[PDB]
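Single-structure report; data block below.
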Amino acid sequence: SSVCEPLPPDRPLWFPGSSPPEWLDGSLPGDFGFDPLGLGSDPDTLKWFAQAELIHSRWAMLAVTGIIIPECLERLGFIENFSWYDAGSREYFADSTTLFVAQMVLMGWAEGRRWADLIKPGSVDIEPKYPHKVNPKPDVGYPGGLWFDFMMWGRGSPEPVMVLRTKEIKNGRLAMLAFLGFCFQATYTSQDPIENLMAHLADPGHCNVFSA
Amino acid sequence: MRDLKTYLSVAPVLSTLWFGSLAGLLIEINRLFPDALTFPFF
Amino acid sequence: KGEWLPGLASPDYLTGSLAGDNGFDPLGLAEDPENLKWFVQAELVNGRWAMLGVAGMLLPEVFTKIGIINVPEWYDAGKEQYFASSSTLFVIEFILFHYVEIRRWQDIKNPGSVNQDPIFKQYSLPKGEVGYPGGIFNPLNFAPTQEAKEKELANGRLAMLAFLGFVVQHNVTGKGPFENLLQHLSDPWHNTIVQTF
Amino acid sequence: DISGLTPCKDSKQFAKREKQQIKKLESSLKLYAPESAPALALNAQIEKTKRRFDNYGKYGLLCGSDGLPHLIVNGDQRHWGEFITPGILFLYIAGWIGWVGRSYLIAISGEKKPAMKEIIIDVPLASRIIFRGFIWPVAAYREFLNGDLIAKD
Ligand code: CLA
Ligand code: CLA
Ligand SMILES: CC(/C=C/C=C(C)/C=C/[C@@]12O[C@]1(C)C[C@@H](O)CC2(C)C)=C\C=C\C=C(C)\C=C\C=C(C)\C=C\[C@@]12O[C@]1(C)C[C@@H](O)CC2(C)C
């Protein structure tokens with residue numbers, strides 16, 4: 001039920017007809033053999049890179065959400081003067097430098113607990129114990145937990161665990177690329193992402209990157 | 001990447017990385033605090 | 001006894017026997033056991049002196065502000081005129097600190113060496129552990145249980161950083177500690193270190 | 001006023017040196033348009049020069065008959081910032097380095113072929129050893145008292 005079964009060797013690859021490398025057997029989610037350079041050779045380092053991909057993708061997903069959804073609300077008439085690449089320069093309280101150090105303190109606690117999970121899995125355990133009940137030992141990056149799996153979707157309730165982790169990773173790789181598009185086309189157009197979408201959808205031919 | 005971290009661990013690659021970082025540090029300090037001849041901060 | 005960074009393991013030289021042993025030795029200083037039993041004493045004495053210092057440079061200020069008793073603010077307290085000179089205090093604080101600190105030195109060198117008076121040879125001290133003399137240093141006779149030693153070292157580690165905070169909140173701020181606390185409680189998000197610099 | 005040196009905020013030759021360098025920069029500033037980028041760089045250098053001379057004025061530097069900041073390295077407190085406060089800041093940092101590279105050499109001393117870690121530095125081991133030398137003076141002190149600082153052959 002909850003085993004994290006891998007993908008088969010005859011799985012879809014990033015490049016059909018190509019040989020997948022031997023260090024991408026399929027144990028990780030979203031394994032399509034993408035390794036033209038082979039940065040995940042050492043498996044002790046490929047674990048760290050899988051955790052890197054997972055956290056990078058989760059942050060990129062929350063970020064693309066926090067960029068496009070609030071812009072949809074601005075178009076609906078909820079938020080004023082919204083522009084994500086100028087939303088750090090605009091005014092708040094706490095000067096944006098007290099906010100930074102408070103952020104570093106709180107995220108240092110959080111990401112330090114996550115780091116202690118990465119170095120040694122059982123150190124910072126949560127989901128407190130109960131009498132005559134066994135909380136299952138989780139994996140790194142997928143802690144389960146009362147705080148991060150309160151709907152119990154991680155152990156494989158609606159779908160298997162491998163396909164759900166692959167959903168996370170694929171949706172999140174797409175979000176990572178979406179945020180790269182945000183960081184690039186908000187500086188080479190000096191405009192809004194949703195505005196750029198509607199502008200390309202107006203005339204897809206001539207409203208492309210080559211106009212600028 | 002296996003055996004690239006061993007190459008980057010080698011004495012000249014590691015020395016150029018350390019001294020590039022260190023030289024950039026000194027360079028940016030001298031941009032921030034140029035023309036220094038005393039330590040007045042106590 | 002506990003752990004300061006759960007991702008890290010307590011080193012082999014910190015077996016949890018000592019008081020305050022949360023396993024904090026990332027820089028491997030107390031790796032030799034002689035260094036460990038010397039730095040236990042250095043911690044205890046710096047922490048006890050820091051507790052006395054903080055209590056003697058903060059409690060004057062929380063009583064000056066509320067007006068119960070007016071007293072200087074620990075940095076203008078040297079320039080005040082006392083019944084002796086500015087150096088006579090240093091002479092006395094040398095004469096009768098050399099004696100008490102060298103006797104503590106002889107204690108932390110060999111424990112059972114220095115426990116009786118030079119003058120009144122009968123009034124000895126009980127055989128307590130090193131850094132915890134007892135006897136006339138325990139007149140109310142509160143027991144030196146391990147929980148009490150842990151409480152001592154915790155308040156002392158806190159008072160050490162409190163003194164450091166005082167020195168750096170007068171070095172690059174110019175004002176006193178409690179005034180800085182009231183300035184923080186006035187507007188916490190606008191009266192911090194990242195506004196002074 | 002030690003060693004027969006007037007201070008630099010009071011030395012007329014120091015201000016004359018300032019004015020000479022500033023005029024030498026301004027004579028190179030006339031050839032460029034006042035809004036152009038070389039002119040702005042020259043003006044930034046001019047303000048750098050002016051505040052450099054002001055800072056050598058305010059930091060207690062002593063100027064001789066030639067009108068140049070001399071360093072009094074003897075031990076006078078007024079000029080500790082010229083030699084001793086940097087000097088300790090050297091002996092710390094330098095003693096960081098030697099206490100690190102020594103400690104590393106002791107940590108790779110017990111290997112089979114310990115020479116292939118001299119040319120191929122263990123970055124994890126070196127990063128563990130690097131911050132050991134942060135508070136190096138107490139480690140060196142205690143190792144001197146424990147005899148671990150000097151090999152016994
Ligand atoms: C934070 C970035 C990041 C990281 C660390 C990983 C890490 C990993 N990926 Mg994932 N991946 C990512 C982003 C990332 N990915 C994105 C954005 C995509 C979509 C484009 C994919 C698509 C993908 C597929 C399809 C597959 C993987 C696989 C893997 C594994 C092997 C590759 C490896 O070790 O690379 C380590 C990578 C890095 C250390 C980052 C590279 C950093 C260097 C400096 C280059 C960066 C510049 C870049 C080229 C700029 C883009 C330019 C733009 C024009 C496109 C490993 C777990 C394989 C796997 O087994 O899945 C689990 C697999 O089949 N990835
Ligand atoms: C050995 C002889 C010698 C000496 C004593 C000096 C001394 C100096 N030179 Mg000269 N120089 C020399 C040889 C020498 N130089 C040679 C051989 C050349 C040709 C290559 C030059 C070319 C040269 C130029 C072109 C310039 C200097 C400058 C300087 C000054 C350096 C200011 C600076 O950036 O430091 C600032 C301090 C640092 C960079 C050290 C920072 C170290 C880091 C941050 C760690 C410190 C913190 C640490 C953690 C401890 C904190 C304590 C605790 C909290 C832990 C200083 C007076 C500059 C100057 O101002 O002119 C006077 C300048 O412009 N020198
Ligand atoms: C003794 C002490 C203070 C004593 C203060 C006194 C008497 C004050 C007296 C006065 O104010 C009054 C009463 C009244 C004023 O009128 C006069 C004065 C004179 C001004 C402070 C110690 C203060 C000591 C401090 C701040 C020490 C901090 C040490 C730290 C943080 C160590 C960290 C680590 O060493 C460990 C723990 C383990 C390693 O492995 C890793 C690292 C990280 C290296």
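Order determines the names: the first chain of the structure tokens is A, the second B, and so forth; residues in each chain are numbered 1 upward, and ligands are numbered 1 upward as they are shown.
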Provide as an mmCIF file with C-alpha atoms, in the first residue's frame the residues of chain B at most 6 Å from chain D, counting only C-alpha atoms.
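Listing of iface_26.cif after writing:
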```cif
data_model
loop_
_atom_site.group_PDB
_atom_site.id
_atom_site.type_symbol
_atom_site.label_atom_id
_atom_site.label_comp_id
_atom_site.auth_asym_id
_atom_site.auth_seq_id
_atom_site.Cartn_x
_atom_site.Cartn_y
_atom_site.Cartn_z
ATOM 1 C CA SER B 9 39.298 19.206 -4.572
ATOM 2 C CA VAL B 10 42.741 19.288 -6.185
ATOM 3 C CA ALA B 11 45.239 21.813 -4.884
ATOM 4 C CA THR B 38 44.182 52.740 10.618
ATOM 5 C CA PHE B 39 41.708 50.518 12.473
ATOM 6 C CA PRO B 40 39.511 53.141 14.206
#
```
Residues at most 8 Å from ligand 2, using only C-alpha atoms and all ligand atoms? Could they come as an mmCIF file with N, CA, C and O atoms, in the first residue's frame?
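Generated file (out26.cif):
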```
data_model
loop_
_atom_site.group_PDB
_atom_site.id
_atom_site.type_symbol
_atom_site.label_atom_id
_atom_site.label_comp_id
_atom_site.auth_asym_id
_atom_site.auth_seq_id
_atom_site.Cartn_x
_atom_site.Cartn_y
_atom_site.Cartn_z
ATOM 1 N N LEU B 25 36.699 39.203 -1.945
ATOM 2 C CA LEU B 25 36.373 39.724 -0.622
ATOM 3 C C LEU B 25 37.203 40.959 -0.308
ATOM 4 O O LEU B 25 36.673 41.999 0.095
ATOM 5 N N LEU B 26 38.520 40.852 -0.478
ATOM 6 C CA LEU B 26 39.402 41.985 -0.222
ATOM 7 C C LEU B 26 39.088 43.146 -1.155
ATOM 8 O O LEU B 26 39.120 44.312 -0.746
ATOM 9 N N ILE B 27 38.764 42.840 -2.410
ATOM 10 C CA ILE B 27 38.489 43.871 -3.401
ATOM 11 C C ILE B 27 37.221 44.627 -3.036
ATOM 12 O O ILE B 27 37.171 45.861 -3.102
ATOM 13 N N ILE B 29 35.892 44.777 -0.027
ATOM 14 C CA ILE B 29 36.157 45.512 1.203
ATOM 15 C C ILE B 29 36.832 46.836 0.877
ATOM 16 O O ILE B 29 36.467 47.889 1.411
ATOM 17 N N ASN B 30 37.828 46.802 -0.007
ATOM 18 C CA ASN B 30 38.518 48.026 -0.383
ATOM 19 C C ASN B 30 37.629 48.956 -1.194
ATOM 20 O O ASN B 30 37.877 50.164 -1.215
ATOM 21 N N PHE B 33 35.536 50.188 2.045
ATOM 22 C CA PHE B 33 36.385 50.932 2.972
ATOM 23 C C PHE B 33 37.707 51.252 2.281
ATOM 24 O O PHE B 33 38.762 50.723 2.654
ATOM 25 N N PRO B 34 37.688 52.122 1.277
ATOM 26 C CA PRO B 34 38.911 52.408 0.529
ATOM 27 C C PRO B 34 39.890 53.245 1.336
ATOM 28 O O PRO B 34 39.520 53.991 2.241
ATOM 29 N N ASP B 35 41.163 53.099 0.980
ATOM 30 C CA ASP B 35 42.211 54.009 1.434
ATOM 31 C C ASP B 35 42.407 53.934 2.944
ATOM 32 O O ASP B 35 42.522 54.954 3.625
ATOM 33 N N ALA B 36 42.468 52.715 3.466
ATOM 34 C CA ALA B 36 42.535 52.486 4.899
ATOM 35 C C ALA B 36 43.983 52.407 5.359
ATOM 36 O O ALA B 36 44.801 51.725 4.737
ATOM 37 N N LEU B 37 44.293 53.119 6.444
ATOM 38 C CA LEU B 37 45.607 53.078 7.075
ATOM 39 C C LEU B 37 45.551 52.917 8.586
ATOM 40 O O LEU B 37 46.608 52.762 9.208
ATOM 41 N N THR B 38 44.366 52.948 9.192
ATOM 42 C CA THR B 38 44.182 52.740 10.618
ATOM 43 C C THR B 38 42.965 51.852 10.834
ATOM 44 O O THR B 38 42.121 51.705 9.949
ATOM 45 N N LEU D 89 44.657 41.692 14.892
ATOM 46 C CA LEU D 89 43.752 41.233 13.848
ATOM 47 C C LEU D 89 44.485 40.456 12.769
ATOM 48 O O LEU D 89 43.859 39.649 12.074
ATOM 49 N N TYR D 92 45.476 36.939 14.826
ATOM 50 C CA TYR D 92 44.284 36.108 14.854
ATOM 51 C C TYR D 92 44.125 35.375 13.529
ATOM 52 O O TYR D 92 44.239 34.145 13.463
ATOM 53 N N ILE D 93 43.933 36.138 12.447
ATOM 54 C CA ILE D 93 43.622 35.557 11.143
ATOM 55 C C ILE D 93 44.745 34.635 10.695
ATOM 56 O O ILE D 93 44.509 33.493 10.288
ATOM 57 N N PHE D 134 38.455 29.109 14.402
ATOM 58 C CA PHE D 134 37.821 30.380 14.726
ATOM 59 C C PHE D 134 38.295 30.870 16.083
ATOM 60 O O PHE D 134 38.970 31.900 16.185
ATOM 61 N N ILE D 135 37.955 30.140 17.139
ATOM 62 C CA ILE D 135 38.616 30.319 18.436
ATOM 63 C C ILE D 135 39.760 29.311 18.443
ATOM 64 O O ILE D 135 39.721 28.248 19.066
#
```
So which residues are near ligand 3, meaning at most 7 Å away with only C-alpha atoms and all ligand atoms counted, given back as a list in words? residues 24, 25, 26, 27, 28, 29, 46, 47, 48, 49, 50, 52, 53, 54, 55, 56, 57, 73, 74, 75, 77, 78, 160, 161, 163 and 164 of chain C; 135 of chain D
How would you report the residues lying within 7 Å of ligand 1, as a PyMOL selection string, if you count only C-alpha atoms and all ligand atoms? chain A and resi 13-14+24+26+28-35+38-40+46+49-50+52-53+56+173-174+176-177
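Non-sequential neighbours of residue A:162 (distance at most 8 Å, separation of 6 or more positions within a chain, only C-alpha atoms) are residues 4, 5, 6 and 29 of chain A.
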Include C-alpha atoms and write out the residues we just selected as an mmCIF file, in the first residue's frame.
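The resulting file, part-v9.cif, is shown below:
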```cif
data_model
loop_
_atom_site.group_PDB
_atom_site.id
_atom_site.type_symbol
_atom_site.label_atom_id
_atom_site.label_comp_id
_atom_site.auth_asym_id
_atom_site.auth_seq_id
_atom_site.Cartn_x
_atom_site.Cartn_y
_atom_site.Cartn_z
ATOM 1 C CA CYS A 4 7.202 3.745 -3.034
ATOM 2 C CA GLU A 5 7.485 1.262 -5.863
ATOM 3 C CA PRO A 6 9.762 2.588 -8.642
ATOM 4 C CA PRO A 29 9.821 10.302 -8.794
#
```
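Relative to atom CA of residue C:8, atom CA of residue D:138 is found at 23.5 Å.
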Select from chain A every residue with an atom at most 7 Å from any atom of chain C, then for each give the shortest pair of atoms and their distance in Å to one decimal, using only C-alpha atoms, rows by chain and rising number, as a Markdown table.
```
| residue | atom | partner | partner_atom | distance |
| --- | --- | --- | --- | --- |
| A:94 | CA | C:189 | CA | 4.9 |
| A:97 | CA | C:194 | CA | 6.5 |
| A:98 | CA | C:194 | CA | 6.2 |
| A:116 | CA | C:7 | CA | 3.8 |
| A:117 | CA | C:7 | CA | 6.7 |
| A:119 | CA | C:7 | CA | 6.0 |
| A:120 | CA | C:7 | CA | 5.7 |
| A:123 | CA | C:6 | CA | 5.2 |
| A:124 | CA | C:6 | CA | 6.4 |
```
Select from stretch 43-139 of chain C everything DSSP, run on the backbone, classes as alpha helix (DSSP H), then give the selection as a ChimeraX atom specification. /C:43-57,59-65,88-109
Residues of chain B within 12 Å of chain A, counting only C-alpha atoms, as a list in words: residues 1, 2, 3, 4, 5 and 6 of chain B
How would you write, as number ranges by chain, the set of residues in stretch 30-145 of chain D that DSSP gives as strand (DSSP E or B)? D: 62-63, 69-70, 120
Identify, on the basis of only C-alpha atoms, every residue whose closest approach to residue D:62 does not exceed 10 Å; exclude the query and any residue fewer than 5 positions from it along the same chain; express the result as number ranges by chain. D: 1-11, 14, 56-57, 67-72, 79
Write out, as an mmCIF file, in the first residue's frame, the residues just selected, with N, CA and C atoms.
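Output file selection.cif follows:
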```cif
data_model
loop_
_atom_site.group_PDB
_atom_site.id
_atom_site.type_symbol
_atom_site.label_atom_id
_atom_site.label_comp_id
_atom_site.auth_asym_id
_atom_site.auth_seq_id
_atom_site.Cartn_x
_atom_site.Cartn_y
_atom_site.Cartn_z
ATOM 1 N N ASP D 1 51.656 64.399 19.185
ATOM 2 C CA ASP D 1 52.822 65.210 18.851
ATOM 3 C C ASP D 1 54.124 64.465 19.135
ATOM 4 N N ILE D 2 54.059 63.136 19.135
ATOM 5 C CA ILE D 2 55.221 62.312 19.443
ATOM 6 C C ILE D 2 56.134 62.246 18.226
ATOM 7 N N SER D 3 57.434 62.121 18.494
ATOM 8 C CA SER D 3 58.470 62.024 17.464
ATOM 9 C C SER D 3 58.540 63.281 16.600
ATOM 10 N N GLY D 4 58.168 64.425 17.165
ATOM 11 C CA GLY D 4 58.282 65.684 16.449
ATOM 12 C C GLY D 4 57.413 65.766 15.216
ATOM 13 N N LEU D 5 56.194 65.238 15.289
ATOM 14 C CA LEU D 5 55.281 65.172 14.157
ATOM 15 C C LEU D 5 53.993 65.898 14.503
ATOM 16 N N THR D 6 53.640 66.888 13.692
ATOM 17 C CA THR D 6 52.347 67.528 13.858
ATOM 18 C C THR D 6 51.246 66.573 13.391
ATOM 19 N N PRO D 7 50.056 66.622 13.995
ATOM 20 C CA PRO D 7 48.950 65.818 13.470
ATOM 21 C C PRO D 7 48.591 66.230 12.054
ATOM 22 N N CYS D 8 47.891 65.329 11.369
ATOM 23 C CA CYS D 8 47.632 65.508 9.948
ATOM 24 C C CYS D 8 46.446 66.421 9.675
ATOM 25 N N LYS D 9 45.502 66.533 10.611
ATOM 26 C CA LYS D 9 44.444 67.524 10.460
ATOM 27 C C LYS D 9 44.963 68.943 10.649
ATOM 28 N N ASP D 10 46.121 69.105 11.294
ATOM 29 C CA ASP D 10 46.740 70.403 11.517
ATOM 30 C C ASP D 10 47.915 70.678 10.589
ATOM 31 N N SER D 11 48.435 69.662 9.903
ATOM 32 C CA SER D 11 49.625 69.835 9.084
ATOM 33 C C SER D 11 49.276 70.581 7.805
ATOM 34 N N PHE D 14 50.038 68.471 4.662
ATOM 35 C CA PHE D 14 49.028 67.466 4.350
ATOM 36 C C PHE D 14 47.890 68.071 3.540
ATOM 37 N N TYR D 56 42.101 60.490 7.326
ATOM 38 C CA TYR D 56 43.439 60.529 7.902
ATOM 39 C C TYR D 56 43.605 61.709 8.845
ATOM 40 N N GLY D 57 42.809 62.764 8.672
ATOM 41 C CA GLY D 57 42.795 63.828 9.660
ATOM 42 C C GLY D 57 42.193 63.380 10.979
ATOM 43 N N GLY D 67 54.895 65.846 5.053
ATOM 44 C CA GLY D 67 53.452 65.924 4.994
ATOM 45 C C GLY D 67 52.815 64.636 4.525
ATOM 46 N N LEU D 68 53.145 63.530 5.195
ATOM 47 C CA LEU D 68 52.594 62.224 4.888
ATOM 48 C C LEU D 68 52.288 61.510 6.199
ATOM 49 N N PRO D 69 51.200 60.733 6.278
ATOM 50 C CA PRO D 69 50.871 60.064 7.547
ATOM 51 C C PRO D 69 51.944 59.067 7.954
ATOM 52 N N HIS D 70 52.592 59.343 9.080
ATOM 53 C CA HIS D 70 53.530 58.414 9.689
ATOM 54 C C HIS D 70 52.815 57.559 10.725
ATOM 55 N N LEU D 71 53.292 56.327 10.882
ATOM 56 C CA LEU D 71 52.717 55.364 11.809
ATOM 57 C C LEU D 71 53.601 55.256 13.040
ATOM 58 N N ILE D 72 53.009 55.489 14.207
ATOM 59 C CA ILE D 72 53.694 55.364 15.486
ATOM 60 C C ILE D 72 53.360 53.976 16.015
ATOM 61 N N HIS D 79 47.818 55.577 19.101
ATOM 62 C CA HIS D 79 48.165 55.035 17.796
ATOM 63 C C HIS D 79 48.153 53.511 17.771
#
```
Work out how far atom CA of residue A:83 is from atom CA of residue A:199, in Å to one decimal. 16.7 Å
Mind running chain D against chain C at 7 Å and telling me each contacting residue's nearest atom pair with the distance in Å (one decimal), counting only C-alpha atoms, chain and number ascending, as a Markdown table?
```
| residue | atom | partner | partner_atom | distance |
| --- | --- | --- | --- | --- |
| D:131 | CA | C:27 | CA | 6.6 |
| D:132 | CA | C:27 | CA | 4.5 |
| D:139 | CA | C:29 | CA | 6.2 |
| D:142 | CA | C:35 | CA | 6.7 |
```
Keeping N, CA, C and O atoms for every residue in the selection just given, could you write it to a file as a compact mmCIF listing (two decimals), in the first residue's frame?
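Once written, part_28.txt looks like this:
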```
# COMPACT_ATOMS: atom_id res chain seq x y z
N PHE D 131 36.61 25.95 10.72
CA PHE D 131 36.01 26.73 11.79
C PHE D 131 36.49 26.30 13.17
O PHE D 131 36.21 27.00 14.15
N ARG D 132 37.22 25.19 13.27
CA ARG D 132 37.92 24.87 14.51
C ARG D 132 38.90 25.97 14.88
O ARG D 132 39.11 26.25 16.06
N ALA D 139 42.62 26.94 21.79
CA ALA D 139 43.08 25.61 21.43
C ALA D 139 44.60 25.54 21.43
O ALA D 139 45.19 24.59 21.95
N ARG D 142 45.84 25.72 25.16
CA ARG D 142 45.69 24.47 25.88
C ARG D 142 46.62 23.40 25.32
O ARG D 142 47.22 22.63 26.08
```
